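Chains as they are written, first to last, in the authors' numbering: chain B, 3 to 146; chain A, 99 to 850.
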Amino acid sequence: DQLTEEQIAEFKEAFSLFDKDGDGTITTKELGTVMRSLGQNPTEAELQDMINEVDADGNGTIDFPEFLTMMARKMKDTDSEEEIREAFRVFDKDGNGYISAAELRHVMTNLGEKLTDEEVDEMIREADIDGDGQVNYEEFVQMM
Amino acid sequence: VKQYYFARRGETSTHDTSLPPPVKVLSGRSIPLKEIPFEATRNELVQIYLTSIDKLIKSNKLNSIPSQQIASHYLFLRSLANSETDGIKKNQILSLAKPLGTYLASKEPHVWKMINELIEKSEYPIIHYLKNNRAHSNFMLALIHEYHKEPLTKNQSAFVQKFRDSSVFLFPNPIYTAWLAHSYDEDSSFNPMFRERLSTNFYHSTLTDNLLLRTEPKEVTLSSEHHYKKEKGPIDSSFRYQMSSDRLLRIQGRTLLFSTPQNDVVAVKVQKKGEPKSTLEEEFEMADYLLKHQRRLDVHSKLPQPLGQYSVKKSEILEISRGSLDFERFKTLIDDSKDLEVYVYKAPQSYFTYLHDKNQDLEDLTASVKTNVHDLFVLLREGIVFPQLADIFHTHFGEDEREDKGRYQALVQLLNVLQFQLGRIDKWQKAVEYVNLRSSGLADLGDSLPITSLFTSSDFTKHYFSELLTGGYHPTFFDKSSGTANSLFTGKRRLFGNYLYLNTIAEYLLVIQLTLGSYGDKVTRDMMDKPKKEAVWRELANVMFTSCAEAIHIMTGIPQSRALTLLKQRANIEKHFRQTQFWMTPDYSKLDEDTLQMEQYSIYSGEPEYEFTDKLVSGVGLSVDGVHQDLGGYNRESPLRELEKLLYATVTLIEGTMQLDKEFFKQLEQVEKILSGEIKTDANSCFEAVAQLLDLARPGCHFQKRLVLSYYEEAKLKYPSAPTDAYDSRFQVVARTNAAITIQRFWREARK
Ligand SMILES: Nc1ncnc2c1ncn2[C@@H]1O[C@H](COP(=O)(O)OP(=O)(O)NP(=O)(O)O)[C@@H](O)[C@H]1O
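The following block contains the structure:
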């Protein structure tokens with residue numbers, strides 16, 4: 003598998019902005035910053051490792067196709083079910099381990115990249131959730 | 099295989115070097131010109147507003163004005179407070195703003211609770227309150243004229259005479275920028291237009307003027323590897339093409355087409371009337387360049403391969419081309435000299451079909467216009483300007499005598515004095531009959547002009563837009579006391595470089611519209627199918643709006659999907675589709691005055707019907723000569739109104755996004771120098787600096803807010819027991835959206 007089109011669209015905009023002179027080549031002196039923008043939690047060790055591996059020449063210019071490949075090397079494994087579970091439990095007000103169906107619908111519709119009702123109703127029905135039931139997000143991530 | 103452009107975007111001091119003399123001569127009288135400091139004069143107006151605020155609160159008559167004016171006053175004062183870093187001024191303004199809160203909280207609880215909702219959202223809480231027609235009331239200027247019982251300064255009086263439209267024009271740099279990028283999103287019910295006693299006043303130009311008169315003067319530099327510095331050695335060509343008339347396809351202009359075994363075309367170009375060898379060696383070097391670096395820029399066009407460039411005897415060319423039908427026109431186009439220079443290249447067939455050929459179906463055109471729009475703008479960024487796509491001329495009565503040289507300016511409101519509406523095009527049907535856009539990509543590259551030359555006083559810039567570099571003179575502007583010319587215009591001299599960057603982009607998209615406009619009419623002429631008629635027109639309206647969306651995506655780097663939404667707010671596609679359908683067809687020429695008025699009203703829903711006093715010509719329409727159709731009446735605006743509206747929404751988006759993101763970088767470099775341990779203050783100042791950083795994010799974008807979120811968490815960790823009352827709610831929302839995205843991204847798995 004490879005990265006989706008949404009991820010291409012996000013990594014573009016971000017890297018096209020951070021090109022402080024709009025030439026098509028970002029400076030390595032600031033690479034660490036833009037990586038945080040794309041949802042990475044970096045340490046200085048890995049940053050210096052990427053500096054050396056790409057800029058052994060000493061130019062210090064990073065281009066779009068290289069940036070996508072280096073990000074793919076990072077995005078090999080960083081997140082798991084635990085990262086998803088924490089992202090679910092920020093809705094879990096009381097530490098019970100269950101979430102409401104109507105609230106999940108709302109946030110999936112209202113925020114980010116708006117879903118359709120048909121897709122979110124599929125998300126509920128195929129998860130084997132009762133309409134008047136609470137959604138075990140731990141069990142849901144285990145099922146997905 | 100590194101895809102990197104050889105241009106470099108930077109910043110200089112001022113362009114004002116080797117300009118025309120800043121003097122106008124009228125009947126022998128030498129009148130000089132002087133500048134009003136825009137920044138200074140506005141700042142003076144801001145300060146005068148503040149003393150007027152003080153005067154009113156001293157008056158104790160807050161009952162005198164409606165509640166909505168008061169609410170606006172409150173939200174603006176709190177925003178001006180946060181935008182200023184002067185501590186003494188900050189304390190002054192908050193002391194000024196407090197009694198307003200004392201009144202509004204007490205008297206009107208409904209509106210007050212609405213404001214308090216808005217105060218927690220964003221610490222620029224004016225931009226979120228003026229995202230509708232509440233703007234069209236000028237609260238600041240009205241209040242000034244109310245309470246400024248002093249003789250006005252002249253400079254200020256001249257300023258407010260140009261920008262009487264809105265109150266938004268008096269915000270300092272960061273706040274205004276954020277508003278003018280935030281008035282495009284799904285929330286905004288904004289429309290740059292208002293009615294006043296049956297007099298419609300548009301100002302969808304004035305917004306662009308007022309943004310650009312703030313930005314730092316842009317300056318390009320080409321790197322050493324670029325063509326227009328690389329002193330490449332002469333073209334070594336020993337290859338000759340023995341020509342046979344037996345293989346001639348056709349003749350066009352000064353070009354001959356000959357068949358190949360590979361289904362391709364080998365073409366011969368002969369030199370023009372007065373065009374020397376200079377253009378022909380230039381075109382050759384261009385084509386060799388743009389095939390050497392086709393992998394770099396990833397220019398999508400099938401581009402022509404050159405082969406040879408030398409001289410030939412005229413007799414052979416005259417002997418060979420004699421067979422064809424159009425020999426008289428070809429004979430007159432070549433020069434009288436017996437030694438004629440040639441230029442040969444090889445191309446796919448689709449190179450010699452003009453984009454506006456009616457033998458193409460819709461999908462082929464869709465993906466052909468897409469290809470051509472992308473290749474124009476990708477090239478532009480590199481540093482190559484195409485001035486000579488189409489010879490769109492305004493008139494031919496003043497051609498030489500007048501300033502603009504009859505050359506159509508797409509932004510004629512920006513580059514002149516007291517010129518508002520976009521101008522009548524003349525004989526347009528023919529004016530793009532030899533347009534450079536071809537169904538296989540870009541063509542005729544020999545007329546190229548380095549982008550650097552758009553910023554200097556080159557032959558071109560000095561030739562065409564003289565009255566930009568000169569300085570604005572107008573009868574009324576003349577002050578007898580000073581004997582010199584004062585304006586808010588003259589100051590455009592230092593900053594003309596930007597106005598010629600956006601004029602490039604705006605003229606490009608106008609070539610695209612006229613071409614798609616000509617195609618449509620040419621194919622729909624022979625149609626009886628009124629549903630199919632709209633089916634063709636609707637398709638070419640959509641292709642136009644996809645075209646502007648590919649423009650913005652390459653220039654500024656917004657994803658196209660979002661960019662289309664950020665456009666389709668402004669120029670309501672349905673109006674634009676209809677305007678075109680009507681104003682380009684010879685159909686309306688067969689109407690009476692009453693049927694015309696009924697068709698006019700139905701097509702210009704909200705705006706007034708178009709007024710004109712020309713006598714129509716059967717089969718043609720409006721004509722100055724009497725054979726070729728125009729666009730618009732005699733000495734009036736374009737009938738393609740919503741085309742102007744789309745053009746200004748394209749530019750104000752490109753400039754107003756690059757400028758905003760220059761603002762965001764200033765604030766981030768600020769906040770980090772706070773966090774690291776160089777600039778040392780308390781929690782409140784730190785929280786404020788992070789709150790401002792969130793408010794200068796791109797419209798409806800996600801990742802930018804995600805970055806600031808990370809900073810806020812680092813900031814809150816740094817200050818352990820710091821109060822978090824003000825800034826939990828905003829980041830909470832941002833936190834929730836980051837969560838929602840992650841969930842939605844993982845879901846993308848319902849496959850296999
Ligand atoms: N590119 C353009 N060139 C010329 N006129 C334009 C252009 N764009 C718009 N106009 C319109 O020109 C109108 C004024 O007519 P114009 O011909 O410029 O001046 P005039 O006062 O009629 N005298 P004159 O210039 O000598 O013909 C304005 O209403 C503008 O909208």
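Beta carbons are placed, not taken as given, at the ideal position from N, Cα and C, and that holds for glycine.
Asked, Found
"Burial state of A:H243, where buried means 16 or more other Cβ atoms lie within 10 Å", "exposed"
"Cβ-Cβ separation, A:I168 to A:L160 (assumed contact under 8 Å), whole Å", "7 Å"
"Distance between beta carbons of A:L714 and A:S687, contact taken as under 8 Å", "5 Å"
"Straight-line gap, A:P446 to A:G331 (C-alpha atoms, nearest Å)", "29 Å"
"Closest by C-alpha distance to A:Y274, when choosing among A:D285, A:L250 and A:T306", "A:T306"
"Cβ shell of A:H651 (< 6 Å), same chain only, five flanking positions each side left out", "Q658 and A661"
"A:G730 beta carbon near ligand 1 (any heavy atom closer than 6 Å)", "no"
"Distance cut-off 6 Å: A:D712 Cβ against heavy atoms of ligand 1", "no"
"Any non-hydrogen atom of ligand 1 closer than 6 Å to A:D307 Cβ", "no"
"First and last residue of the uninterrupted alpha helix (DSSP H) at A:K528", "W526 to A529"
"Residues, ordered as in the chain, of the stretch 797–823 of chain A that lie near chain B by beta-carbon distance below 8 Å", "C799, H800, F801, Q802, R804, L805 and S808"
"Within chain B, partners of A:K100 - CB distance below 7 Å", "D65"
"Other residues of its chain near A:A787: CB distance less than 8 Å, five sequence neighbours each side excluded", "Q765, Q768, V769 and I772"
"Contact set between B:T6 and chain A, taken where Cβ atoms lie within less than 9 Å", "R843 and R846"
"Whole-angstrom distance between A:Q511 and A:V476, CA atom to CA atom", "27 Å"
"Within 7 Å, strictly: CB atoms of A:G719 and A:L131", "no"
"Exposure label - A:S703; buried when at least 16 CB within 10 Å", "exposed"
"Beta-carbon contacts of A:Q101 that lie in its chain and below 7 Å, excluding the five residues immediately before and after", "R394 and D396"
"A:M291 in three-state terms, based on DSSP", "strand"
"Near-chain B residues of the stretch 656–668 of chain A - C-beta to any C-beta below 7 Å", "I656 and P657"
"Beta-ladder partner(s) of A:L729, from DSSP", "A:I523"
"First through last residue of the alpha helix (DSSP H) which encompasses A:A813", "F801 to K816"
"Reference A:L665; option with closest CA among A:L423, A:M238, A:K743 and A:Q830", "A:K743"
"Those residues which DSSP pairs with A:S585 across a bridge", "A:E133"
"Entirely enclosed beta strand (DSSP E) segments - the stretch 614–664 of chain A, minimum 3 residues", "none"
"A:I349 classed as buried or exposed, judged by whether at least 16 other C-beta atoms fall within 10 angstroms", "buried"
"Status (buried if at least 16 other CB within 10 Å, exposed otherwise) for A:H674", "buried"
"Pick from A:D692, A:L310 and A:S303 that is closest to A:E753, judged by C-alpha positions", "A:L310"
"CB contact check: B:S18 to chain A, cutoff 7 Å", "yes"
"Contact set between B:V137 and chain A, taken where Cβ atoms lie within less than 9 Å", "Correct list: empty, because the minimum Cβ distance to chain A is about 12 Å."
"Residues near A:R668 in its chain [Cβ-Cβ closer than 6 Å; skip 5 each side]", "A747"
"Chain A residues whose Cβ lies nearer than 8 Å to that of B:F90", "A837 and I841"
"Beta carbon proximity, A:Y103 to chain B, threshold 7 Å", "yes"
"The stretch 556–568 of chain A / the stretch 532–540 of chain A touching (three or more Cβ pairs under 8 Å)", "no"
"Delimiting residues of the alpha helix (DSSP H) encompassing A:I490", "Where A:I490 is concerned, there is no enclosing alpha helix (DSSP H), given that its DSSP letter is neither H nor E."
"Reference A:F257, options A:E697, A:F267 and A:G717, closest by Cα", "A:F267"
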